[PDB]
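**Q** Please read through the structure below; I'll follow up with questions.
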Amino acid sequence: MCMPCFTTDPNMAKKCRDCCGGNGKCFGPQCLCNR
């Protein structure tokens with residue numbers, strides 16, 4: 001993964017993007033990168 005994902009916060013999804021250097025993809029409890 002890139003890091004974790006939590007569908008609680010409106011700005012977590014943005015934070016999962018920032019983990020992948022701007023361009024991530026959240027897949028349930030995990031945040032994964034576009035790589």
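The chains in the structure tokens are called A, B, ... from first to last as shown; in each chain the residues are counted from 1, and the ligands are counted from 1 in the order shown.
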Could you list, as a list in words, every residue within 9 Å of residue 4 in chain A, counting only C-alpha atoms and ignoring same-chain residues fewer than 3 positions away?
**A**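 Selected residues are residues 1, 16, 26, 28, 29, 30, 31 and 32 of chain A.
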**Q** Those residues you just picked out, can you put them in a file as a PDB file, in the first residue's frame with N, CA and C atoms?
**A**
ATOM      1  N   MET A   1       0.830  -1.213   0.000  1.00  0.00           N
ATOM      2  CA  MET A   1       0.000   0.000   0.000  1.00  0.00           C
ATOM      3  C   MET A   1       0.867   1.268   0.000  1.00  0.00           C
ATOM      4  N   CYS A  16      -5.101  10.396   1.435  1.00  0.00           N
ATOM      5  CA  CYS A  16      -4.706   9.214   0.643  1.00  0.00           C
ATOM      6  C   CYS A  16      -4.166   9.608  -0.742  1.00  0.00           C
ATOM      7  N   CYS A  26      -7.923   5.136  -3.207  1.00  0.00           N
ATOM      8  CA  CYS A  26      -8.333   4.449  -1.966  1.00  0.00           C
ATOM      9  C   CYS A  26      -9.213   3.238  -2.264  1.00  0.00           C
ATOM     10  N   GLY A  28     -10.923   0.644  -0.077  1.00  0.00           N
ATOM     11  CA  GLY A  28     -11.425   0.169   1.222  1.00  0.00           C
ATOM     12  C   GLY A  28     -10.543   0.657   2.375  1.00  0.00           C
ATOM     13  N   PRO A  29     -10.192  -0.207   3.335  1.00  0.00           N
ATOM     14  CA  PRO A  29      -9.393   0.177   4.511  1.00  0.00           C
ATOM     15  C   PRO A  29      -7.953   0.576   4.162  1.00  0.00           C
ATOM     16  N   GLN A  30      -7.519   0.350   2.915  1.00  0.00           N
ATOM     17  CA  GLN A  30      -6.151   0.726   2.516  1.00  0.00           C
ATOM     18  C   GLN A  30      -6.141   1.859   1.495  1.00  0.00           C
ATOM     19  N   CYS A  31      -5.116   2.703   1.567  1.00  0.00           N
ATOM     20  CA  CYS A  31      -4.817   3.666   0.502  1.00  0.00           C
ATOM     21  C   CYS A  31      -3.710   3.067  -0.365  1.00  0.00           C
ATOM     22  N   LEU A  32      -3.915   2.888  -1.672  1.00  0.00           N
ATOM     23  CA  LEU A  32      -2.828   2.411  -2.548  1.00  0.00           C
ATOM     24  C   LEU A  32      -2.447   3.538  -3.510  1.00  0.00           C
TER      25      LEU A  32
END
**Q** Using backbone DSSP assignments, extract all strand (DSSP E or B) residues from chain A; output them as a list in words.
**A**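 Assigned to strand (DSSP E or B), within chain A: residues 3, 4, 24, 25, 26, 27, 30, 31, 32 and 33 of chain A.
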**Q** Name the residues in contact with residue 20 in chain A at a cut-off of 10 Å, using only C-alpha atoms, excluding same-chain residues fewer than 3 positions from it; report them as JSON, numbers by chain.
**A** {"A": [1, 2, 3, 15, 16, 17, 23, 24, 25, 31, 32, 33, 34, 35]}
